[PDB]
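Accompanying notes for the structure given below.
Read the figures in this text as sums done on the coordinates, not as results from a lab. Cβ sites come from the backbone with ideal geometry, for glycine too, and all protein chains shown count toward neighbours.
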Amino acid sequence: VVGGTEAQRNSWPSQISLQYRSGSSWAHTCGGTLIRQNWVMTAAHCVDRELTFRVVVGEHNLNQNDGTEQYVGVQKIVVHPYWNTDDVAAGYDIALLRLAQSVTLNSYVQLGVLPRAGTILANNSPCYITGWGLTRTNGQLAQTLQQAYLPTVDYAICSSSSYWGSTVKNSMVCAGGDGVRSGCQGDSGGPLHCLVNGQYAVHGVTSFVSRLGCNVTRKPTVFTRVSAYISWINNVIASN
Ligand SMILES: *C(=O)c1cccc(C)c1
Ligand SMILES: [Ca+2]
């Protein structure tokens, strides 16, 4: 997250760190949202590589003991069947991870609330992106979980020629684009939390930013629109 602030450690208890094994260590690669005690929602592109993955819930500082973490293996990966790694602009950037154990819930570990199917946010709706991704274009991961206020940019604006054009689909949410605040590498897969009727819900799964840079004016961060995938998510959980 470029232009973020440090989250409070109990603000976003559905945020997870998706990590892969590197030698004798683990490296953060992506975010995700805990949606059942044994299921995480992330981006398909985050699990394209044939790596060993684990999820960390209750994580605040990637580099320090928080006293709240639970570490759990990934047992099954279900990518959306229309996902194509060569075509992130086509959409379907969503995957479900079945965890090897069910995590324990507390103030640091909670299920993410998803929107009702079909819900579309008004232009300029208040949202926060969260993650441990790079804090500058071509920079380095955050140590502590970051948040940035990224108001939505509706499909009509986001898909206009001065923004993303035909690269954005109605199956996506755009947010931000102010040139200061954005998602960045390492935030992919994580949530966009939007305040609706007094409650935060996870409306987006971070999918991409511009090849030119993270915080680029009129290139808002692009997310998979969770409300387009409610039936798919329910069908996967019910069949696994
Ligand atoms: C997320 O980590 C991410 C950043 C830039 C581009 C892509 C496709 C994903
Ligand atoms: Ca930690």
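Quickly run through the range 199-215 and pick out the residues that are within 11 Å of ligand 1 (Cβ to nearest atom), touching a residue at least 12 places away in the same chain (Cβ under 8 Å) and not polar (S, T, N, Q).
Listed by number, the residues that qualify are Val205, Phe208, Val209, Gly213, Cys214.
Just to verify a result, which residue in the range 145-172, among those that are part of a helix (DSSP H, G or I) and of a type in the set (A, V, I, L, M, F, W, C), is surrounded by the most Cβ atoms within 10 Å (Cβ to Cβ)? Spell out how you get there, then give the answer.
So in the range 145-172, the residues part of a helix (DSSP H, G or I) come out as 155-158, 165-167.
Add one more test, that the residue is of a type in the set (A, V, I, L, M, F, W, C), and what stays is 156-158.
Values: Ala156: 10, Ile157: 18, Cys158: 25.
It comes out as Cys158.
Run down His45, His80 and say which single residue is under 13 Å from the mean Cα position of the chain (by Cα) and away from ligand 2 (no atom under 16 Å from the Cβ).
On the way: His80 fails: under 13 Å from the mean Cα position of the chain (by Cα).
Residue meeting the stated conditions: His45.
When the residues of the range 28-50 are narrowed to those that are within 16 Å of ligand 1 (Cβ to nearest atom) and either charged (D, E, K, R) or exposed (fewer than 15 other Cβ atoms within 10 Å of the Cβ) (or both), which ends up nearest to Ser239 (Cα to Cα)? Explain how you work it out, then say what you get.
Quick first cut of the range 28-50, residues within 16 Å of ligand 1 (Cβ to nearest atom) only: 28-33, 40-49.
In the following step, the residues that additionally are either charged (D, E, K, R) or exposed (fewer than 15 other Cβ atoms within 10 Å of the Cβ) (or both) were identified as 48-49.
Details: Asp48: 22, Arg49: 24 Å.
Across the range 28-50, the extreme among qualifying residues is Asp48.
What single numbered condition from (1) buried (at least 19 other Cβ atoms within 10 Å of the Cβ); (2) in contact with a strand residue (DSSP E or B) (Cβ under 7 Å, 6 or more places away or on another chain); (3) not aliphatic (A, V, I, L, M); (4) not in a strand (DSSP E or B) fails to hold for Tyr128?
The one condition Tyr128 does not meet is (4).
Quick one: which of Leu111, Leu51 is over 16 Å from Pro191 (Cβ atoms), away from ligand 2 (no atom under 14 Å from the Cβ) and in a loop (DSSP other than H, G, I, E, B)?
Numbers: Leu111 fails: over 16 Å from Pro191 (Cβ atoms).
That would be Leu51, the only listed residue that is over 16 Å from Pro191 (Cβ atoms), away from ligand 2 (no atom under 14 Å from the Cβ) and in a loop (DSSP other than H, G, I, E, B).
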